[PDB]
Amino acid sequence: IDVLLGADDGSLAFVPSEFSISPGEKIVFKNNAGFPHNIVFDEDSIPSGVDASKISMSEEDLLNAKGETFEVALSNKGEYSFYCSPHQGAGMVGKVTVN
């Protein structure tokens, strides 16, 4: 599934922000608008036993250019909360469910 970072009107959102995938389905996060952006999984808000480091950007890492992507595949089932660190307070947050 593709997810935009920034809406086409410049809104600081993931599009989509809430979505479900199957195990080992790839997510491609694509820099769209209002970058730089990143994708961080909340270590307190992912399935038990998952290593956030394996699936997230560092807080300090950025995608700086239009069309840069970060791709990830999730295998454990459950709910995963993520956010964009520089824009978290703006509400640039999301949740994926692996079912």
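The C-beta contact set for the stretch 1-20 (first residue within 15 Å of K66 (Cβ to Cβ) and touching a residue at least 12 places away in the same chain (Cβ under 8 Å), second residue surrounded by 12 or more Cβ atoms within 10 Å (Cβ to Cβ) and of a type in the set (S, T, N, Q), distance under 6 angstrom, 6+ apart or interchain) comprises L4/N32; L5/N31; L5/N32; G6/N32. Within the stretch 21-32, residues that are under 21 Å from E68 (Cα atoms) have Cβ atoms under 8 Å from residues that are among the basic types (K, R) and outside any strand (DSSP E or B) in these pairs: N31/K66; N32/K66, counting only partners at least 6 apart in sequence or on another chain.
Please go through the stretch 82-99 and give me each residue that is touching a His at 6+ places or on another chain (Cβ under 8 Å) and surrounded by fewer than 17 Cβ atoms within 10 Å (Cβ to Cβ), ordered by number. Full working, then the answer.
Filtering the stretch 82-99 for residues touching a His at 6+ places or on another chain (Cβ under 8 Å) gives 84, 86-87, 92.
Within the stretch 82-99, just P86 meets the criteria.
Scanning the stretch 25-38 for residues that are in contact with an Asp or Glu (Cβ under 9 Å, 6 or more places away or on another chain) and crowded, with 17+ Cβ neighbours inside 10 Å yields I27, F29, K30, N31, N32, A33, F35, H37, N38. Restricting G91, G78, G49 to residues that are among the small types (G, A, S) and under 17 Å from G10 (Cβ atoms) narrows the list to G91.
Can you find even one residue in the stretch 62-81 that is surrounded by fewer than 16 Cβ atoms within 10 Å (Cβ to Cβ), free of Cβ contacts under 8 Å to residues at least 24 places away in the same chain and not aliphatic (A, V, I, L, M)? Taking every residue of the stretch 62-81 in turn, none turns out to be surrounded by fewer than 16 Cβ atoms within 10 Å (Cβ to Cβ), free of Cβ contacts under 8 Å to residues at least 24 places away in the same chain and not aliphatic (A, V, I, L, M).
Here the Cβ is made from the backbone with ideal geometry for all residues, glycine too, and neighbour counts use every protein chain on show. Throughout, read-outs are computed from the coordinates displayed, never taken from laboratory work.
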